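The block underneath contains the structure these notes are about, expressed in structure tokens.
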Amino acid sequence: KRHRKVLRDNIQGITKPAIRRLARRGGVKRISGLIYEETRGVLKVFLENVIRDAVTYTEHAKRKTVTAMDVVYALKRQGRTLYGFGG
Amino acid sequence: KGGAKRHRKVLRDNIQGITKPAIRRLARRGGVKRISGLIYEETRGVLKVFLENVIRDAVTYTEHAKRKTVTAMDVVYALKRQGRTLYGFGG
Amino acid sequence: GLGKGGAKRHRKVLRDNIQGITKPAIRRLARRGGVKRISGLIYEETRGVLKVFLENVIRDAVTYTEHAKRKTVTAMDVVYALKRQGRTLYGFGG
Amino acid sequence: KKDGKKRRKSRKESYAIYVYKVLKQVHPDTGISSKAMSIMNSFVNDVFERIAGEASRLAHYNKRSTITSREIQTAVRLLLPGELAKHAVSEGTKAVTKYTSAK
Amino acid sequence: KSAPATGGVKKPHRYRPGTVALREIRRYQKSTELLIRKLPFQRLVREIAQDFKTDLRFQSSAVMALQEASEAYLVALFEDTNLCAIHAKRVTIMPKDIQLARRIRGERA
Amino acid sequence: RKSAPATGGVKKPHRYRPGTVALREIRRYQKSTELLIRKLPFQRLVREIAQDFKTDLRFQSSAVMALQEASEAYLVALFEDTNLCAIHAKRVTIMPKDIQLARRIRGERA
Amino acid sequence: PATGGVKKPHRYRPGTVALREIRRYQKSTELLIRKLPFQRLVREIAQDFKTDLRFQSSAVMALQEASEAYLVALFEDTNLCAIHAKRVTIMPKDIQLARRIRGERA
Amino acid sequence: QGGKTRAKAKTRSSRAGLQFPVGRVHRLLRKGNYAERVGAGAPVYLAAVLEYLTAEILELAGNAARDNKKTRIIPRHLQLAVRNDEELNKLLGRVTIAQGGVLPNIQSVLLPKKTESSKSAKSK
DNA sequence: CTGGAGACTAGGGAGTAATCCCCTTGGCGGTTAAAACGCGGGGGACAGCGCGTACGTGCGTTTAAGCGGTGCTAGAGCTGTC
């Protein structure tokens, strides 16, 4: 009953208005069409580095669930420290 | 150049060694007058999957014989089992 | 004139401290960067850029020197400062 | 006991001698310049602190008072990328199994 | 009339390519919100992490923290990308700008 | 027979037209026996794949030749079927539409 | 033969020796900044922070090495900005932008 | 136990065939106050990792020395290795080597023709 | 080839290190139950490409005057002593 599906690219779930909103949040008047894919591509490489760091913390602690503590520890090294959710 | 000295990128390129003239000869031998551009990539892909299935059986034969060297007999067993029997090497 | 002129510097006090990095010197560093063309105003602007780096590294160095009760700044203080400045240096202190 | 000796036995933790031996053990007839010696002397010490910094932080996060091969192997994977991580741990587990196989 | 469109006529001064953007610029700077759908994002983090750990489990704080870090990183890239376009006598951010921004920061290489 | 790549001339209707050299190549390549694809680049491909499958593994000339010869024959036989798929439509160009149909009909990929 | 009357000098067109200077300088391993002017500059700056200070004659060398690498790397990043703006010259807005995208300018 | 070799019969470096001062690693861990306890197997793992990093760079430096036709390794050889491979660039992206110089970089406008690099087959 | 410091050993009683005894401590795996955010829904303005158009920017070339680097000549900060 534990159905599984071979990994298909669902990163395309990020839509153009979502990228438009992020661009408009950064004060962008017009955004190129190709960047819509690149922004998701940048999201992929940034996420991949984070989880690769994140899973190593969980593997060392033998804990399956992803803790907010473990995420901050990975982010603190890379410099992307996020205040909140940790103590 | 001893030691490990291994450089491994996220992608691989030894597949691309088989190039358009190599694919062209097979297409002409099969009588194909013209070949599309993306067939070159697909033909390389077809080669990859076909080789992978063959080696899977051949590897099991090689290790069962406690051999660190592959021989014509081992590849024949994999080829004969899969139905693509080869005559000319071994027997 | 080609000599015997009045624009011959002739002084080292209260001058040349910030202009010691002259036009060829900045060109030499820029050529080591591989660049092809140098703007005329880049030379004066580079003086301010170099100032912020020199001040920050020394700022950690002086505080390190005061902590060690020494009147002399060693390469270790520079290396320790450079570690937190994003420009690490290897080859000194050994 | 001293009383005539300069007693200039101040020691700075250095790895140049051990680095030089490694060079001879990977290149049979090759030399190293003393100028390049100072570069690698601080390099390995910096790598030691960086790796031990990961191990110390990892132990503190897990509320453990001990560091062993598990923490450092975690640190090696955590810092070293790609083939370097695979080979560094490969040397790492090679060392521990021979250490436990000695008297 | 106000904004007919329909079959089409030569439009007068209307919402020009930057006009609604300023409205969206004002709106997204007037308040703090998340501009990324959570449910596809939750699939995104789980999908990529499946290879490293099978049957990976997340936490409510973890997914939001990762989204916030990812969203801030993309915004931090946009503010650098937008300034690069103006440096190139352009007001539209283009893939040439994004290549330079990550390379100069060392992220690209 | 003059080619003259220069500006003068509007070319010719029959200058080894697309497929005519192929009609020459099919006769030449079906008149002799040989290995078509490159040998050494294929040898590296076999070694690289086996290296991931098994960390240490040696090879011999007979083994690699058998794998290459079978692969070339497998590709040639596939091209014959794929070209037969191509003739189904009013076209003489092999396309990915044909290779998907040919493989699915056989035991591969289905 | 005479003090005046020489023919047209063999002078390269503008932007030519840059190709020759590029190849020479990347192969070099020495500081391109004179040590003595740099020595006086660091003492003057440190005077405001500390009234009395000395140097080990190696920290001064270390500071020059870091400053040269900081400038050269910035110049390399600056060159990338110039080509992105369709110009060989590196304007003063390039360096200010280059340090803005990086962690500098703060 | 034993009734012989009541001295330094062997060192901890020779336990795993290593050449680095494993005992120094243990002392440095205690000196730096990384933790109140450091178990066995950590310094031997770290020493092997440090030895591997030392050997790979030195081998590349030796190979770079062969390119420059010099037996002894000048600091220039170190800079070429750390930047040639993406594996070593990540670790030392913000790291300077004393007297190491820089790599012979080139760009589009850094050429005679207008934004074209058709020249090839020689080192680039 | 003439000094000097470091890296190897020889020994001696404590510390940290593997080992192993017992009660309380955290994630997992199954159930649950009403609020919530997601699928497709159908067209509208509103803005990416791809031509202009209409122009102040950076390149292409030649003088110039100090500006780089080198010989002396005296001192000036930086190595080591107790």
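Values in this text are rule-based calculations from the coordinates and carry no lab data. Backbone-built Cβ (ideal geometry, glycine too); neighbour counts: all protein chains shown.
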Original post:
Within the stretch D:69-91, how many residues turn out to be surrounded by fewer than 19 Cβ atoms within 10 Å (Cβ to Cβ) and within 16 Å of DNA strand I (Cβ to nearest atom)?
Top reply: 0
**OP:** Looking at (1) more than 14 Å from DNA strand I (Cβ to nearest atom); (2) farther than 30 Å from residue G:15 by Cα, find the lone condition where residue H:80 falls short.
**Re:** (2)
Original post:
Would the stretch C:50-62 turn up any residue that is charged (D, E, K, R), under 17 Å from the mean Cα position of the chain (by Cα) and within 13 Å of chain H (Cβ to nearest Cβ)?
Top reply: no
Subject >> Wholly within the stretch D:3-103, helices (runs of 4 or more DSSP H) carrying at least 2 residues that are within 14 Å of chain C (Cβ to nearest Cβ) and of a type in the set (S, T, N, Q) >> reply: D:34-61
**OP:** Could you please give the count of residues in the stretch F:29-43 that are buried (at least 16 other Cβ atoms within 10 Å of the Cβ), facing chain B (nearest Cβ under 8 Å) and not hydrophobic (A, V, I, L, M, F, W, C)?
**Re:** 2
Subject >> Residues satisfying the stated conditions in the stretch E:72-88, i.e. within 14 Å of DNA strand I (Cβ to nearest atom) and at the interface with another protein chain (Cβ under 7 Å from one of its Cβ atoms) >> reply: E:78, E:82, E:87, E:88
Subject >> Contacts under 8 angstrom Cβ, first residue in the stretch D:1-28 being over 22 Å from residue H:22 (Cα atoms), partner more than 10 Å from DNA strand I (Cβ to nearest atom), 6 or more apart >> reply: D:27/H:58; D:27/H:59; D:27/H:62
Subject >> Filter result (buried (at least 21 other Cβ atoms within 10 Å of the Cβ) and either in a helix (DSSP H, G or I) or away from DNA strand I (no atom under 11 Å from the Cβ) (or both)) within the stretch A:27-37 >> reply: A:35
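Which one of these is facing chain D (nearest Cβ under 9 Å), in contact with a helix residue (DSSP H, G or I) (Cβ under 8 Å, 6 or more places away or on another chain), within 16 Å of DNA strand I (Cβ to nearest atom) and of a type outside the set (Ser, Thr, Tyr): H:36, H:56, H:51?
Values: H:36 fails: in contact with a helix residue (DSSP H, G or I) (Cβ under 8 Å, 6 or more places away or on another chain); H:56 fails: within 16 Å of DNA strand I (Cβ to nearest atom).
After ruling out the rest, the residue left standing is H:51.
May I ask you to verify whether residue H:100 is assigned to a loop (DSSP other than H, G, I, E, B), surrounded by fewer than 17 Cβ atoms within 10 Å (Cβ to Cβ), within 14 Å of chain C (Cβ to nearest Cβ) and out of contact with any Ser or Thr (no Cβ under 6 Å at 6 or more places or on another chain)?
Numbers: assigned to a loop (DSSP other than H, G, I, E, B): yes; surrounded by fewer than 17 Cβ atoms within 10 Å (Cβ to Cβ): no; within 14 Å of chain C (Cβ to nearest Cβ): yes; out of contact with any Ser or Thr (no Cβ under 6 Å at 6 or more places or on another chain): yes.
So residue H:100 does not fit the description; no.
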Subject >> Condition broken by residue H:81, with the remaining ones in (1) within 26 Å of residue C:38 (Cα to Cα); (2) surrounded by 19 or more Cβ atoms within 10 Å (Cβ to Cβ) satisfied >> reply: (1)
**OP:** Considering each residue of the stretch A:55-80, count those that are farther than 24 Å from residue E:83 by Cα and either within 13 Å of DNA strand I (Cβ to nearest atom) or not in a helix (DSSP H, G or I) (or both), and give that number.
**Re:** 14
Original post:
Quick one: in the stretch G:49-61, which of the residues that are away from DNA strand I (no atom under 12 Å from the Cβ) and within 7 Å of chain C (Cβ to nearest Cβ) is nearest to residue G:95 (Cα to Cα)?
Top reply: G:49
Original post:
Could you give every pair whose Cβ atoms fall below 9 Å, whose first residue belongs to the stretch G:7-21 and is within 10 Å of another protein chain (Cβ to nearest Cβ), and whose second residue is of a type outside the set (A, V, I, L, M) and within 7 Å of DNA strand I (Cβ to nearest atom), counting only separations of at least 6 or pairs across chains?
Top reply: G:15/C:37; G:18/C:37
Subject >> Subset of the stretch G:53-87 that is touching a residue at least 12 places away in the same chain (Cβ under 8 Å) and aromatic (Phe, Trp, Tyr) - its residue that is nearest to residue H:115 (Cα to Cα) >> reply: G:75
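Considering each of G:73, G:46, G:85, G:2 in turn, give the residue that is among the small types (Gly, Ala, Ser) and under 14 Å from the mean Cα position of the chain (by Cα).
On the way: G:46 fails: under 14 Å from the mean Cα position of the chain (by Cα); G:85 fails: under 14 Å from the mean Cα position of the chain (by Cα); G:2 fails: under 14 Å from the mean Cα position of the chain (by Cα).
Result: G:73 is the single residue among G:73, G:46, G:85, G:2 that is among the small types (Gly, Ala, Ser) and under 14 Å from the mean Cα position of the chain (by Cα).
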Original post:
Of (1) closer than 21 Å to residue G:80 by Cβ; (2) out of contact with any strand residue (DSSP E or B) (no Cβ under 7 Å at 6 or more places or on another chain); (3) more than 7 Å from every other protein chain (Cβ to nearest Cβ), residue E:46 satisfies all except one. Which?
Top reply: (1)
Original post:
Out of all the residues in the stretch G:87-101, which are of a type in the set (A, V, I, L, M) and not in a helix (DSSP H, G or I)?
Top reply: G:88, G:90, G:91
Original post:
Where in the stretch G:1-86 are the helices (runs of 4 or more DSSP H), entirely inside, with at least 3 residues that are among the basic types (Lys, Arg)?
Top reply: G:17-26, G:35-49
Original post:
What's the number of the condition residue E:24 fails, among (1) among the acidic types (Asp, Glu); (2) farther than 17 Å from residue A:18 by Cβ; (3) within 13 Å of DNA strand I (Cβ to nearest atom); (4) surrounded by 11 or more Cβ atoms within 10 Å (Cβ to Cβ)?
Top reply: (2)
Original post:
Got at least one residue in the stretch C:14-24 being assigned to a loop (DSSP other than H, G, I, E, B), away from chain H (no Cβ under 14 Å), small (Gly, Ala, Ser) and under 14 Å from the mean Cα position of the chain (by Cα)?
Top reply: yes
Original post:
Hey, residue H:7 hits all of (1) more than 26 Å from residue D:61 (Cα to Cα); (2) at the interface with another protein chain (Cβ under 9 Å from one of its Cβ atoms) but one; which does it fall short on?
Top reply: (2)
Original post:
Taking interchain pairs and intrachain pairs at least six residues apart, which have beta carbon atoms under 6 angstrom, with the first residue in the stretch E:88-109 and without any contact (Cβ under 8 Å) to a residue 24 or more places away in the chain and the second within 16 Å of DNA strand I (Cβ to nearest atom) and aliphatic (A, V, I, L, M)?
Top reply: E:88/G:85; E:93/A:28; E:93/A:31; E:93/E:85; E:95/A:34; E:95/A:35; E:97/E:85; E:100/G:80
Subject >> Among the candidates A:8, A:40, residue that is outside any helix (DSSP H, G or I), more than 8 Å from DNA strand I (Cβ to nearest atom) and within 30 Å of residue D:81 (Cβ to Cβ) >> reply: A:8
Original post:
Does residue A:87 satisfy the condition of being farther than 23 Å from residue E:64 by Cβ, within 14 Å of DNA strand I (Cβ to nearest atom) and either over 14 Å from the mean Cα position of the chain (by Cα) or assigned to a helix (DSSP H, G or I) (or both)?
Top reply: no
